[PDB]
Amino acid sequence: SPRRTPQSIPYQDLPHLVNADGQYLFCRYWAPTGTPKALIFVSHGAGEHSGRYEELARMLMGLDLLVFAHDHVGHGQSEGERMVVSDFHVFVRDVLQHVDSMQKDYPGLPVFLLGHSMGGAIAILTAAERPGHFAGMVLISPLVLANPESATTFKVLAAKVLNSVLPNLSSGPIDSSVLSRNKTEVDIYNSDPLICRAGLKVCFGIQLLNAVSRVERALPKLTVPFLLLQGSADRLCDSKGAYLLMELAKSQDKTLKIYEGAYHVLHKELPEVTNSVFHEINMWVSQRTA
């Protein structure tokens, strides 16, 4: 009997990739009609999935880039216990596998990364693992420093799991209403059956603590060009992390745009913010693929 997604769809009916642990990852592709100018991988964040990026991917494909993505392990239509990961580097390893596979099918093309929130930390660590190989990185509120209160409060819960055997202990779920001012986008996110609504298991949040620690160590070695978009009112990825990334990365091509008053999910924010986000990513990628 065929391997099926967590939603019961046979993987034989869907674009897919099997990772190093034998787990099926659901894949998405948006390819132009002409010859692509570059490849770009879209890295989604915790609890969500690659389908959230449909509009942004179609914009990028309109610039004649070949856009590709997968649902990370434990997310969306990929396999794995929901919101569990043996080690955060699994996400990075799996991105590199997909990138490597695509560079075979479309050799000679520059490859970019785009990531949001946890997906932005994945993008950072992916670039850091292959210095000099990626053409650029677009970061939308990447997880660099967590909100100090959410980091401390959770690090307490972590000390419990780290010292005892408590496999089901979890934090409370994050309130999606504090992550975008656009109420319609909040309602859409809360209506998507592929989104994981439960609170973070402490074991997973420990891996997000690991992500931040590894990002910190990676910064003074990071050289990839990047565009960094950050809201000033981000309740999840503290804006101080965006400033620290601008200060500590060694990249010769780094740009920060701050959206004053905007919340965490900038590509799902008020229309004036989201329209600007799309425009600025368009300009940045266009200038680096011309």
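What we label the rigid core is the largest C-alpha set whose atoms superpose within 1.5 Å from one form to the other. Each residue number is its position in the shown sequence, starting from 1.
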| task | On a core superposition, give the stretch, 147 to 155 or 196 to 204, with the larger average C-alpha separation from this form in 5 other deposited structures of this protein (RMS over structures and residues). | result | 147 to 155
| request: Using RMS Cα distance over all structures and residues, flag whichever of 176 to 184 and 67 to 75 lies farther from this form in 5 other deposited structures of this protein after a core fit. | output: 176 to 184
| request: On mean C-alpha B-factor from the PDB entry, just flag whether 44 to 52 or 218 to 226 is the higher one. | output: 218 to 226
| Mean C-alpha B factor from the entry: is it higher for 148 to 156 or for 204 to 212? | 148 to 156
| request: Just grab whichever of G132, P142, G136, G74 has the top CA B-factor as deposited. | output: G132
| remark: For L96, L194, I122, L109, the deposited C-alpha B-factor is largest at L109
| remark: Temperature factor at the Cα of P173, chain-ranked in thirds, falls in the highest
| task | Consider only the C-alpha atoms of the modelled residues in this chain, order them by B-factor as the entry records it, and name the third containing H116: lowest, middle or highest. | result | lowest
| request: Going by the recorded CA B-factors, say which third of the chain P32 sits in, lowest, middle or highest. | output: highest
| message | Quick check on the deposited entry: does the C-alpha B-factor of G231 sit in the lowest, middle or highest third of its chain? | response | lowest
| remark: Quick tally, chain-level thirds of C-alpha B-factors: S78 sits in the lowest
